[PDB]
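Have a look at this one before I ask anything.
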Amino acid sequence: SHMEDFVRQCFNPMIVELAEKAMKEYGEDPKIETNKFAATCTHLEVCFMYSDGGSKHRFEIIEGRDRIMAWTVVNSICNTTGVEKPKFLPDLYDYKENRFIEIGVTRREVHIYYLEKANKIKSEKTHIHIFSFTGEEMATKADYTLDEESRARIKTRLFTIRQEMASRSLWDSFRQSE
Ligand SMILES: [Mn+2]
Ligand SMILES: [Mn+2]
């Protein structure tokens, strides 16, 4: 599929392999679920750019691990810090702020996805940070965790991915499929 080749020429190879394992872990095939394939890679890259901002030992990366191992770290973070165990696996834990973070990448309005992410968690303490494919962003308590320059990089990369999909005529199917 054309989407499949774009995702392979767009994201770095380890991001692609890490997405595949995340897909195969839930039965989804990147070769037919190609739109979900571009979404998992985009979400994976944002989480790794996000942890790249801040101090060296600031973030414990929960995403990209396998479910049992990912929970193993979450239970480890909880008993270490006393923070409540979330109902769903988050993406990162902020050692600087002592809270889990849920990263979200949207193709609709950032205000709708966060509203969609907020009622699902109900965990209150879990921080939520949302980015769009157009440059906006929305975070719990208006606390954006990272500095403006690190968030500007993520927004820049998202719009580049958005442009490259459109120049290849795959953006409309990607947008109209979320
Ligand atoms: Mn996740
Ligand atoms: Mn997420």
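Rundown of residues vs (1) of a type in the set (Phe, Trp, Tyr); (2) surrounded by fewer than 17 Cβ atoms within 10 Å (Cβ to Cβ); (3) touching a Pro at 6+ places or on another chain (Cβ under 8 Å), yes/no style:
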{"position": "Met3", "(1), (2), (3)": "no, no, no"}
{"position": "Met14", "(1), (2), (3)": "no, yes, no"}
{"position": "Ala19", "(1), (2), (3)": "no, no, yes"}
{"position": "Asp29", "(1), (2), (3)": "no, yes, no"}
{"position": "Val46", "(1), (2), (3)": "no, no, no"}
{"position": "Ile61", "(1), (2), (3)": "no, yes, no"}
{"position": "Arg67", "(1), (2), (3)": "no, yes, no"}
{"position": "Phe88", "(1), (2), (3)": "yes, yes, no"}
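Oh, and also: Could you tell me whether segment 163-171 includes any residue that is surrounded by 19 or more Cβ atoms within 10 Å (Cβ to Cβ), of a type in the set (A, V, I, L, M) and in contact (Cβ under 8 Å) with a residue 60 or more places away in the chain?
yes
If the requirement is being at positive phi and either in a strand (DSSP E or B) or free of Cβ contacts under 8 Å to residues at least 12 places away in the same chain (or both), which of these qualifies: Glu124, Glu102, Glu116?
Residue meeting the stated conditions: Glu124.
So which pairs qualify, if the first residue must be in segment 39-51 and touching a residue at least 40 places away in the same chain (Cβ under 8 Å), the second must be more than 12 Å from ligand 1 (Cβ to nearest atom) and in a helix (DSSP H, G or I), the Cβ gap must be under 6 Å, and the two must be at least 6 apart or on different chains?
Short answer, once both residue conditions are applied: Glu45/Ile15; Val46/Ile154; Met49/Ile154.
Against the conditions (1) more than 21 Å from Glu164 (Cβ to Cβ); (2) more than 16 Å from ligand 2 (Cβ to nearest atom), where does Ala70 fall short? Just the number, please.
Evaluating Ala70 over (1) more than 21 Å from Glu164 (Cβ to Cβ); (2) more than 16 Å from ligand 2 (Cβ to nearest atom) leaves (2) as the failure.
Just one of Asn98, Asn119 is more than 16 Å from ligand 2 (Cβ to nearest atom) and surrounded by fewer than 20 Cβ atoms within 10 Å (Cβ to Cβ); which is it? Full working, then the answer.
On the way: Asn119 fails: more than 16 Å from ligand 2 (Cβ to nearest atom).
None of the others qualify; the one that does is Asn98.
Right, another one. Could you list, in sequence order, the residues of segment 68-91 that are touching a helix residue (DSSP H, G or I) at 6+ places or on another chain (Cβ under 6 Å) and either away from ligand 1 (no atom under 13 Å from the Cβ) or assigned to a strand (DSSP E or B) (or both)?
Scanning segment 68-91 gives a single hit, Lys85.
Go through (1) surrounded by fewer than 19 Cβ atoms within 10 Å (Cβ to Cβ); (2) closer than 21 Å to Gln176 by Cα one by one and return the number of the condition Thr40 breaks.
(1)
Every number in this text was worked out from the coordinates using simple rules, so none of it is lab data. Ideal geometry is used to build each Cβ from the backbone, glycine not excepted, and the neighbour counts take in all protein chains shown.
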